[PDB]
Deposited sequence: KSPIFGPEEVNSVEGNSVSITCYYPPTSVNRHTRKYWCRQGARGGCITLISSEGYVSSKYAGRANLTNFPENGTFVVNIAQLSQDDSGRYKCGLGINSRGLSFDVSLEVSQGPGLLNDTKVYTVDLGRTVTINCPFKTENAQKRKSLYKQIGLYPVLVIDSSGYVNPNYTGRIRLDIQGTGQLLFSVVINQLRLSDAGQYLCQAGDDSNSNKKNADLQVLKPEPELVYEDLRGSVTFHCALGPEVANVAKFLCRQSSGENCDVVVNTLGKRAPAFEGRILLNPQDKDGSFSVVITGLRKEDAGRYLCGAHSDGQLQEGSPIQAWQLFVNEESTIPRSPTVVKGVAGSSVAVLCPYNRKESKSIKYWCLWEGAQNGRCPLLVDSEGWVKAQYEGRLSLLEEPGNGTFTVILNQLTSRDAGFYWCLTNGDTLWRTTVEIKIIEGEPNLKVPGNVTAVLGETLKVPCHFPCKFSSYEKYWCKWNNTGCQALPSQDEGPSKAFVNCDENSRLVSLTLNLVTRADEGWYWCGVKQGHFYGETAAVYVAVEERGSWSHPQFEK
């Protein structure tokens, strides 16, 4: 609510754009996470760029985000715009999922148009297109067109025409109290409904027009991992808004067909006789389906959906899972201990032939849950919550890669998978303290030089020592200056060390995460992380 920005933004393929977002310049908000993210299925919003150093590969070289804590604003710059950039976005503070954000529309045309808003909506759901007009057209014909074949085709008229493909699921809502707009409400959106729409009031040269870019999204499959002859539970959570529409669970085919495993109209596929359970539905309209005695053949894409006949159809809301059924092989989870405020360096083995495959590190949640939600991969992705504290390195290589997680707490205790295209790791948090020693709340000042200490015990004297800035593609090493020993340790004086990171002329882009760390050839170890902030006056 408190966040402001441009609600409509229009551009041309090739140009560039500068979106400015305003926020309350509270103490917290000054260096809190700024994010620019794109709206996706099911309310999701995918980080495209953040103030923590994360930059989507889709924005690599193409975009930047500059904070202005004095103004109370930050500015997202995007260049080399493509039509692919047309969409709905949020600019915000904190984490994408939380509230503090503002909703931005971005449209990109091929050459030079008009007032254009983007709508982004899930399959099967409703959209409301608002169509504004001037008083001189308030009692003339209201229309909605769709560009079908570079031809505007009438979808609905105030004269009573409704296009055959929309009948029964479209209405033209005339506002009361003399407001100067009408709305078109479209239900049960289909993939085919996506496209370019034209709102029109009047039929004159005096006509009032608005462009609407309607996007209709398929859902993202949730991944589920289960063992042969084990069970799985699908929690189907469509709206309360469809709680009274018949539900189905079905399995996707090589074809476009999606054959029903279970129904609320009596269908229960023979393959699943005696091992399928359709549980009752919530007051939320959500329900679950349980499958036992899994066969390898049971693995695939599953949709649960709502449609009056109990079958998958166009314009039906849906939810997706990808199921994996794997053999029970012959092993216990390798265990790694770390201590709060410090770090781990977990070695993940992969099969040497799968060397250029993608590696994954994810949090495993137990066989019934079935899900192992990703935290980081080898392609520059990182979960938002883990920006500045998590990386996946290809070193040492040749059958092994490293996951570095730091800024530890008790919360991080749990089971993790190393994945490729496998290895379970239990992280335990024990009483102890970090060997490396770093300041917490560090603040440089614009144009001035800053230097930042890191203390290394004697333990690490023959280790290689580094400073680097953290981004999501990799921690980049910096000029550090080896300085004299340090007295911050016990049973240590001469062998210990202090290594300093020096930032000679601080720019606004020097803000973000810096890691102090330790290394032995290609085998990485402990790290310590410090956030460098940037203001401009002095203190």
{"item": "Deposited-sequence segments unaccounted for in the coordinates", "value": "1, 114-115, 334-335, 427-431, 550-557"}
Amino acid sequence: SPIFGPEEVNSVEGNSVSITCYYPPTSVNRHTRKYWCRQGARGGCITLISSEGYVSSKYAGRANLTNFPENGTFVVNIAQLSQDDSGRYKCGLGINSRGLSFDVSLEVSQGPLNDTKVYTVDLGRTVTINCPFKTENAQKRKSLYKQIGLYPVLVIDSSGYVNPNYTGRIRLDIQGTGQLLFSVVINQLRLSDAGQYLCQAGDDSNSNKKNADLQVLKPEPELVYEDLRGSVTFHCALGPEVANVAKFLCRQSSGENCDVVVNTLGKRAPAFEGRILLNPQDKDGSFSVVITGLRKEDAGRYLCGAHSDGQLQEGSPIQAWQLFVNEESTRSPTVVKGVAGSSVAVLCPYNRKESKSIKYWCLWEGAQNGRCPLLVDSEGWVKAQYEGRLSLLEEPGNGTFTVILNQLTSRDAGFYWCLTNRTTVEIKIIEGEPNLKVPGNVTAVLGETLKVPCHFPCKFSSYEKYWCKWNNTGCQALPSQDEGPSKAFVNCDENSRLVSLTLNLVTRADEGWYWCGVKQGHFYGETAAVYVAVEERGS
From here on, numbers count along this sequence of modelled residues.
| property | result |
| --- | --- |
| Between the two ranges 31-39 and 476-484, the one averaging a larger CA B factor in the entry | 476-484 |
| Mean Cα B-factor comparison, 302-310 or 246-254, giving the higher one as deposited | 246-254 |
| Given 224, 118, 367, 201, the residue at which the Cα B factor reaches its maximum | 367 |
| Residue selected from 164, 87, 440, 270 by maximal Cα B factor | 440 |
| Chain-relative CA temperature factor third for residue 467 | lowest |
| Within-chain third of residue 60 by Cα B-factor, per the entry | middle |
| Within-chain third of residue 489 by Cα B-factor, per the entry | highest |
| Ranked against its chain, the third holding the CA B-factor of residue 50 | lowest |
| CA B-factor placement of residue 185, once the chain's modelled residues are sorted into thirds | lowest |
